[PDB]
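There is one chain below, alone, in structure tokens, taken in the form solved without 5-nitro-1H-indole-2-carboxylic acid (GID).
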């Protein structure tokens, strides 16, 4: 079935107006995504913070258009140490952060340009491109090690400041989170190991799944569709892109959106409204 995202709720559970708009987008090729009008859609949407994953573009080759975004003037990028065209993430912000960090503090997990950490006044933002378990599950063993290291890192962070985590987490948590759960239990992104990892991450940090907390029983809400088989036009998709929040931020939560109609990638953008 096809999905319409409900209207943006911009007031908190206590009616505070939203003060912060964060958009996350796994662009799957920054240069292509710009040619496909992605920055235009970003301008229409006008977020305070914009997080990009799977940029596949080293720092040298960053397009010029990115320096024409004055609402996102503070810009940070991470590319793999020695794998061109692969992975990559960016964080662009209206206001400068207090401090920015790359990686999670673990050598084996910090070589593929997957994590940027931006500390602001009242919270810390992490944007992440989690490793795919791979076709045939070649990297499932690796992914389990990452999941544990990432969880351990996020727990540390959330013990010092309220934490917002966004990006492609490369798992559909539950059967409601993808169109074809039955035929995907052995495929990357819906293995029990990946689902267990996600569950443990929600419990251990702890974090709440912003979208599922507001729409706990809403089916067919996905952030990714394979380019093949006309899957997007059939809404045969997976929810892979999340905003996970520290529980303290839940009364700051105004809404968590799926921007289903924005084209430019095999992921659509997600948007988070907080009253901070």
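Numbering follows the first chain given and starts at 1.
Below, we turn to the form solved in complex with 5-nitro-1H-indole-2-carboxylic acid (GID), even though it does not appear here.
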| query | finding |
| --- | --- |
| Pocket open vs blocked [5-nitro-1H-indole-2-carboxylic acid (GID) transferred in the deposited bound form by site C-alpha superposition; 2.4 Å, backbone or C-beta, 3 atoms] | open |
| Contact residue in the deposited bound form, from 196, 203, 111, 95 (heavy atom within 4.5 Å of 5-nitro-1H-indole-2-carboxylic acid (GID)) | 95 |
| Interface residue in the deposited bound form among 20, 258, 254, 23, criterion: non-hydrogen atom within 4.5 angstroms of 5-nitro-1H-indole-2-carboxylic acid (GID) | 20 |
| Residue 122 within 4.5 Å of 5-nitro-1H-indole-2-carboxylic acid (GID) in the deposited bound form, heavy atoms | yes |
| Distance check, residue 48 to 5-nitro-1H-indole-2-carboxylic acid (GID) in the deposited bound form, heavy atom within 4.5 Å | yes |
| Segment that reaches 5-nitro-1H-indole-2-carboxylic acid (GID) in the deposited bound form - one of 102-110, 151-159, 87-95, 186-194, heavy atoms within 4.5 Å | 87-95 |
